[PDB]
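One chain is shown next in structure tokens, namely the form deposited without its partner chain.
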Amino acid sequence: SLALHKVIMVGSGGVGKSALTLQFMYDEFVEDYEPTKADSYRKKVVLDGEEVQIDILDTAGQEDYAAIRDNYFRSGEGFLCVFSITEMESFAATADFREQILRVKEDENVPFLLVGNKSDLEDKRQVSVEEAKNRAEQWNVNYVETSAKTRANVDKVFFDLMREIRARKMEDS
């Protein structure tokens, strides 16, 4: 009977979709290599004082998915589009994910956040803050830099995305 916000993690391989998820879900961070196929998480969280349930579908980075993505994306209400600030390639890949998402959901204003992860590795930054911000404004979505390691802004991106999904459900009901 509680509200249920369905979030979907998208982005290229190794950008930190799982790390962000596991830090948010279990307050942990471990430097490990474990490519994702498709993982599901769901727990009670308190959003602006109200108890709700967040559901997170953590997906594969590899672009070896085509029609599979469509099904996943269709089941989600909000998306965290993640890339690593240390890998320009993952950043350029976001345009594709965005395209594929807007298509299946048939909504240009679907809850969406551009996430520049691995902010703690400033020394290896390949994507400038300015560049990332401009793209976010072009798509009309917020941009947030995160660190699954120090947890900086991790809770924020999940909460902000939920607030968007929340707002969305207000309008439609």
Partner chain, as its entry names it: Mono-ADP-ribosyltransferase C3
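Positions refer to the first chain, counted from 1. Basically, rigid core = biggest C-alpha set you can superpose within 1.5 Å across the two forms.
Omitted here: the form solved in complex with its partner chain. The next part is about that form.
Mapping the unseen interface onto this chain, residue 64 counts among the residues with a heavy atom inside 4.5 Å of its partner chain in the deposited bound form. In the deposited bound form, at least one heavy atom of residue 60 sits within 4.5 Å of its partner chain. Proximity of residue 93 to its partner chain in the deposited bound form: non-hydrogen atoms within 4.5 Å are present. Of the heavy atoms in residue 11, some are within 4.5 Å of its partner chain in the deposited bound form. With respect to its partner chain in the deposited bound form, the three residues 139, 168 and 172 uniformly fall beyond 4.5 angstroms at the level of their nearest heavy atom.
In the deposited bound form, its partner chain lies within 4.5 angstroms of a heavy atom of only one residue of 29-56, namely 36. Of the residues listed here (134, 53, 62, 109), only one shifts its CA by 2 angstroms or more between this form and the one not shown after fitting on the rigid core, and it is 62.
For residue 42, the Cα coordinates differ by under 2 angstroms between this form and the one not shown after the core has been superposed.
Between the C-alpha atoms of residue 124 and residue 63, a gap widened by no less than 3 Å is obtained in the deposited bound form, as opposed to the form on display. Wider separation of the C-alpha atoms of residue 144 and residue 63, by 3 angstroms or more, is seen in the deposited bound form than in the present form.
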